[PDB]
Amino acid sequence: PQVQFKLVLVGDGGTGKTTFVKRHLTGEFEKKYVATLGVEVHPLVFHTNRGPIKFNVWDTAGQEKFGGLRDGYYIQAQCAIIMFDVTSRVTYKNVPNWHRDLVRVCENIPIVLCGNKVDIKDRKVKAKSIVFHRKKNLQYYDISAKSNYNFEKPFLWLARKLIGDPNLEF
């Protein structure tokens, strides 16, 4: 554990981000949806060719009634992950909101946009409809907490951006 990075995990309610971090930490899939109350911080240690890197991920509540100090959770954040659902188009509709609140507090930090639940058959958000990451110069990844598809790609891209080494690998 050489260095820590603050990573803020935001998105609409029900996009699957608590299930994402829970799957990273414990390898367990929670079928039931229990909304986060405020924020839940979890540690994620990765072992790289440059040594161990720690990610303090602040898993944010996506719903307004259950948000705590929402933008207050972004304070001193070094990287961000905005997550939306490929089953609900409204999540991708609200991605720019989360991005604006993120950038207003944390200027010039690496942010990854993730489309969760790619494993489902009916995909309401076509891959060609995703242009916002190119619009704000963000990296995009199709992910699935259940399928583990592109599991570490957001964390790996964020780590490469923070450390500044394109050849960084887990």
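One rule holds for the numbers: they count along the sequence shown, beginning at 1.
Among other deposited entries of this protein with both flanking residues present, none omit coordinates for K32; it is modelled throughout, well short of a third. Residue-level annotation: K124 has coordinates in all of the other entries compared, counting only those that model residues on either side of it, so it never reaches the one-third mark. The question of which stretch, 154 to 162 or 17 to 25, has the higher mean Cα B factor is settled in favour of 17 to 25. Of the two segments, 30 to 38 and 47 to 55, the one listed with the higher mean B-factor is 30 to 38 (C-alpha atoms only).
You'll see in the entry that, of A145, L138, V103, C114, the Cα B factor peaks at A145. In the deposited entry, the Cα temperature factor of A127 sits in the top third of values across the chain's modelled residues. When the CA B factors of the chain's modelled residues are split into thirds, the value for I120 lands in the highest one.
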